[PDB]
Amino acid sequence: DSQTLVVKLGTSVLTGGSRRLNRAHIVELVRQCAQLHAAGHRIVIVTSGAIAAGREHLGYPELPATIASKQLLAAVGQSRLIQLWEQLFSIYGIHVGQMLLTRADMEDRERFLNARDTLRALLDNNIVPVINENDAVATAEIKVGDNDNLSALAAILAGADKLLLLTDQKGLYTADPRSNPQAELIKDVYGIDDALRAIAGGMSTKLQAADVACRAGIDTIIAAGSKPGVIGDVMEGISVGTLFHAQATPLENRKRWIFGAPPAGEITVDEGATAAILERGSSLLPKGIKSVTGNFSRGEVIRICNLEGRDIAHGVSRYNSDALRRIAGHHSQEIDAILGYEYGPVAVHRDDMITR
Amino acid sequence: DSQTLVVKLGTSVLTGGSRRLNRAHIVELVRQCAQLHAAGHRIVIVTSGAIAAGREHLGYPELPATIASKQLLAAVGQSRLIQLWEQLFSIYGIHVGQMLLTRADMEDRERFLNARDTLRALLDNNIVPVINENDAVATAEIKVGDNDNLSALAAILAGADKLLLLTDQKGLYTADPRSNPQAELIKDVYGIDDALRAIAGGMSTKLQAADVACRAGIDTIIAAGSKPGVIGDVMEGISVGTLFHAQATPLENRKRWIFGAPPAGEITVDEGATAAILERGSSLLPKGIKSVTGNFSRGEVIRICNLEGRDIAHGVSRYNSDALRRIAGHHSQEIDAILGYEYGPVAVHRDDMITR
Amino acid sequence: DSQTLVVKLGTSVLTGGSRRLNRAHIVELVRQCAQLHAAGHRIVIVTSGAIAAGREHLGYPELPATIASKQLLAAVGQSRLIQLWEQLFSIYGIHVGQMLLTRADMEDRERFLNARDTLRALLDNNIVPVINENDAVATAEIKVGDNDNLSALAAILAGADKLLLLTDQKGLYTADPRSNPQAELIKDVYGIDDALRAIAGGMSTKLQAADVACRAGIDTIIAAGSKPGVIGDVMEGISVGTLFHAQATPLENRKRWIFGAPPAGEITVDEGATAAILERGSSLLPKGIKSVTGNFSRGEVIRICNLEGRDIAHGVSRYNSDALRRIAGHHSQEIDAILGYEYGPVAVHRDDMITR
Amino acid sequence: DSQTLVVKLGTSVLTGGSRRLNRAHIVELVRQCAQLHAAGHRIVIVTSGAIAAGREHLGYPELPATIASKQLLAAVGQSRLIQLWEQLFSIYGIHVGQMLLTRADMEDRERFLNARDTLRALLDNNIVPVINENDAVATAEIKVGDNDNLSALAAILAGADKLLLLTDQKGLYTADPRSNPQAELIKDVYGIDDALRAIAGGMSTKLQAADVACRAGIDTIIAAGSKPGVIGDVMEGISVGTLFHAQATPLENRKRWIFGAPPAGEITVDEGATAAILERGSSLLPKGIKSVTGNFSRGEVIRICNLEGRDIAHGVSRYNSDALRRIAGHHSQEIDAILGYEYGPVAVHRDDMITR
Amino acid sequence: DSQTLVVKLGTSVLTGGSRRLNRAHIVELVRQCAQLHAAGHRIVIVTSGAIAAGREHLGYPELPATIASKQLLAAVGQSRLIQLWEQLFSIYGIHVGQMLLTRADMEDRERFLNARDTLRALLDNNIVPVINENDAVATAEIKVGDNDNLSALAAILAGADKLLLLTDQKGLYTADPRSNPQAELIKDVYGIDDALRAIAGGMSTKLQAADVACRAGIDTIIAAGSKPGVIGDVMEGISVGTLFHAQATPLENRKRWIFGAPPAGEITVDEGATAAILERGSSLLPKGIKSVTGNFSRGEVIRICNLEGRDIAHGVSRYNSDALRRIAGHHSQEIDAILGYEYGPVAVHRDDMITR
């Protein structure tokens, strides 16, 4: 039973509170992740600490305290940190791939589809994707977030089963553990209400990320990065911290994604593809397309019906309107001949469509 | 209570039987060694596997199965393996220094002293010395030994308290474990006898190395490299394999080293230095020397006598006869001004001398 | 017309007088050497600067001024320098191989043969050998030499055609260039006499190295490392500095090597191998051996005659007396079966023998 | 949704009724199988036609009609046929591994486990296993079966989801299609009764194989090998021939396999492993073993309890009694050190055990 | 005087110690075997090295060092190795037939007869049988033997006159040849005693195989595979290694085979067939059988008695009891018409019977 796990590592976990990255803890976590990878699971890593790597590489210069210094250090430390991740993961014979993403890219339909395709290719080819935020075009308010909303968005994009947030605390406590000897860790959370937001107050950003991930049907686990064997225990289901259960199922998330906006296009499908879609629930091939009406772009939701005009599905288009019109009625192997590029052999995937 | 430990790693331990080095086992062993190093102990590493590193670096070419190919692969793999060791040890903030030694150097009187000085400097500066065999001038019969005797020689040179040999087998068995269900591991050995050599039949080389180390007053341990926490348990004193106890004391080994050969020269010492040598057991300084008789090189054993001519000690000279005559009667700070080089402030160290 | 060139790089050339290695000049020289290697020639590199690399790697510590500190720095700088050389040479797709040698190894008969075999294998497999001095067992007087006698010995060992010594000066001048405006560079030198030794006074060590190389039949060239295209011009024969012509021919050097000492052994050869040796000047195979009298080691000079007892050659034995006796009269492919190791298919090579 | 499919190809399908293998039909089927393999499924091939390949390779010689000629032709044609399969599959970049099996091997517990392990390794490493019958030790009655019971046994061994039998006819007909114009193909069969055995009378062997596969919880499909796209349509669930539905579920098959015979051994498990087995349903590691009572072999069913003695599971042992006793209480990575071989890190797999 | 020779080739002989098969040595051995085959002799080959061929074919991938990887490699290596053998033997116009055998098959009464029939057919039709071990159902303890006992079993099965074992060592030495200059090769051995077992320490497996072969009346020879013309000299009777003479005669081995177990059945023979069996020592035909008593399978030993009931012979039955009863009293040409298969014209062969 293969599973997809997103591990988010904050700067506190990576550095241990010091001014430089502590490679011992990182190599321990890499050992756990490599054990999981050998077991057959899929691992996605959201990381931070580019500024620390940039400071270390530059010989710790006496830069003025300004956002420009932060941007420069991030620019150097992105390369330095990806190099460090490659070095640590190559011990266990695992390749890694850099992925710089921003929230605006996730908002855009076409950029979202492109990022999802790249991540899926990386995961299929047994390569660990290391995801960070593009700090060259980011703002200070984004910098103070420390890759929490980005972690939730990456978990949604990867179609993961669990999102593990690693912290310095053990999780969520009912009261203050220092003042109250009776304060105890909360093990299971079924709904993020105002009471929880009042209990914990930067745990607020992690709570928002957990809420976002749970509304998409992904379980969220908050634990301490220093706990031995935390990642493996999370995989096996052993309780190690605070667990936020998924509020919905991925089918509901897909329905919300498809029906969130009105369709931006319209296509028509012949009898054979209609029977395949309805009876078997398979994908849609360009051969079955007959007419393409309306103008849209790749990644936008379109409407699929038969010749009679009765709606049968709503699906995410993998090609724009012009490409779909040009390749309509042709075999899947001719697409590269017609367009000069190929996004895949299907026009609408079976997992990106809802049949009504 | 800091201790000196020499860890010997064979090709089978490093590679696991495969064609290339397995970095997971090496990184686990490096983690254990780094824990010991942070605890305040001194670690020396004797290693093999240059041929595997050379094969991997060269893209696994097809060379004829000869000794020239082995020498070339060793030449490339020495650099490759030292790079790997340095990379693995830099995770825990530990520096690594390469040493290449041969049995002829250990047999030589002056080369032994030079190598001991280099190793002592490396250990005093918190740098792990990685010792291998110079395969450029080595023979095939040396190659088939797999650094077994070199480990004992390095343990004697470093003045180690324990010598750890990592193998595939758990240690020494009374009978064949495969055939005899009653055969059990031997925990302690107090004297290597002909029955023991008949019991184990390359375990013979390891037995010879253990005998050499034990006759010099060093406890030897044979255990499996795959056993978790083997190095830490060996340091702590817990039983993990076969233990060969030291048949002699380091004082006896020093006496054997000093009196194994007749003195090659004689020097005269005034009254104050004589009192310091006898009453307090301190070292000998160039100021106290009054006369130098005979011709000898650095490292040779010489006789120290007072003004009256009565023999009072024997000791290993840190300077040859010419330099000793040139710096006799001068302060220790002027040596570099006289000879152009300095081997230290003392002429005969107190730990390299026997007082009689 | 392939040629073998030995390039000696002192610490002044490598560092430029600074405290660290200057990689720009080194990469320029590496570019020239790579051009030569692609042209089809053979390049051997004798290098220095381990102390500078060790200082740079250790973060420039405040070590006391002692020979112990020198050895401590060299132990790390050897690995760092070999890593730098490999990194710079890999730009042009050339592999390098480390070779640590001492004078005593060259003096030894068997170690000389082992080193020559390793160097020949490295040269044959298109790998650049980087030769340095084993500082772990070296003395201060060796350290102050800066690899000049070692460079000459390596040139003799490699059978090179030219030995290029790179300096900071342009070569040898008749008088002091600063004081005398009429002082001019000496272009050709045919004999190192006392006048030249009086003219140049550390140019003396380089003069001794040039004399040693010239007495072995190797042309020596002293030039400035900063001159553009110096190595290529040396290969093409263009005059760039001071040239010391070879006093003898390699045949005379081989005669001196063979007849320097009386033979240490005696073997007998049948009619077919005798005819092959005398008429054709071919090598000697173990099949032709009939009797082996005397005890000797590998690399020592032995006497070869026929059944009649008339001396026909003096050669260098590639096997010791015991191995030669065991493999006498057998085919070349059985040697590994008989001894467990193979030094080659011949007993005495055609280039290591003199037929009288 | 990856699936495992076993495709059985009789000699009639492979040869088309001629005297030699028809490579066009075979390459078409190989194209379909390669499409499935690229889609992500697992394919196992049971094949025949060794005699035809042997006849073709030997130049069609004139042997007498005897079983000895059949055995000789099978001996040559096994190699010839595996070569042909590898050659045809290499067009699509797929590797092929030969597997020769007999019924008696499936009857034996240890041989069954070894064959299952080999097949699982082949499937995991993306290599298509080609399974045939060992004709060197087979009888004529086995030869006349044409690999039907062997196909069912291989489907059971591989844990396949569907077993596709390719024939010359389209499937099972209610009456004789030639005589009766109203005879129609039977699409779904839910139970193999005496009526079906009377309807079809060599379809009887295929009916027996289908019954054997269905009693193990595997759907069976009988179709014509000449139908275009039969394999793909079978994967998609499209009806192409006669379908025999699974009578049971794989859980019942596992229960029958485990409880078919009384346990041949008894082991004891500590508290942590007991909790892992009962609460989480995980595998059993050698660390948790405490006592091993009884004598058994690898692959035999043993009883697992806790210290109190209450039975908690029945499982297939991956090691024999002696190996389990020797590795009891040790870590999984020490097994190779203790035994000299390793069957895996677990003692009883989670899928080979039933918890009661 | 045609002879049957079984040649066993280990992994070390085939590969020379490298990672892949060395085809020059194999082609030389194939040339010698082809010369013997053209001379009119019969050659059987027992071979190893499937793992090396599998590694080479798969592009030398990186699998974990486990028995599962070994089986995975051997699965494709069997096909690759048989292909290589066929390609090398086709140069001299000789066909090759693959056989896969295990010790269990040799222990079985009927599988032994089937394998013997297949081998006899292959030898009679001038086809070289290449025998290996079925690694799909083999164990690790079987793998570590390197086909040593399988060679003896195949020599017994084939009725060979000589068994040749090719090793790296020249044979058996009285003492250690390396340490003792007086140690010399043992030329002839007449009885394997405990002294020889103590002398040789995988030489033990070869000694066990030699003992098994010699107790069956087959001369065994141990020699080096690298010796030129070893196979031809072995055939001619020239001494090349260590020779173990046959302690018994083939008639004694036949008596041991026949009388090792009590008869499983009884048949009655009329007067003419009784006279043919006794006076002329001919085979037994189904026409002469008058009654069959008991139940037994093919290959079991049965008692043959005349009409009076007096025991006259024992013999191995080529048919089971049912077929013997069905074909009793019929001509040899009708057997195929009665049973649907034929094992030969005789019921008990004259070489499988003992007449008393």
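Here the chain labels run A, B, C, D and E in written order, and each chain numbers its own residues starting at 1.
The criterion applied here is as follows: a contact is a pair of C-beta atoms (placed from the backbone, for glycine too) under 8 Å apart; a residue touches a chain by one contact, two chains touch by 3 or more.
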| item | value |
| --- | --- |
| Higher-contact pair (C-beta pairs counted), A-D versus D-E | D-E |
| Which listed pair, B-D, A-D or A-B, duplicates the contacts of C-E in over half of its pairs | B-D |
| Length of the line joining the C-alpha centres of chain B and chain E, rounded to whole Å | 55 |
| Length of the line joining the C-alpha centres of chain B and chain C, rounded to whole Å | 30 |
| Separation of mean Cα positions, chain D and chain B [Å, integer] | 58 |
| Residues of chain C engaged with two or more neighbouring chains | 340 |
| Interfacial residue positions of chain A with respect to chain B in the complex | 23-24, 27, 31, 87, 91-92 |
| Chain D-facing residues of chain B, complex | 168-170, 177-178, 181, 224, 226-228 |
| Residues of chain B touching chain C in the complex | 57-58, 63, 66-69, 71-72, 75-76, 78-79, 82-83, 86, 95-101, 105, 108, 110-111, 114-115, 117-118, 120-122, 125, 127, 129, 134-141, 144, 298, 336, 340-344 |
| Interface residues, chain C side, partner chain E - complex | 322, 325-326, 331, 333-334, 336-338, 340 |
| Residue ranges of chain E in contact with chain B within the complex | 16-20, 22, 60, 62, 65, 201 |
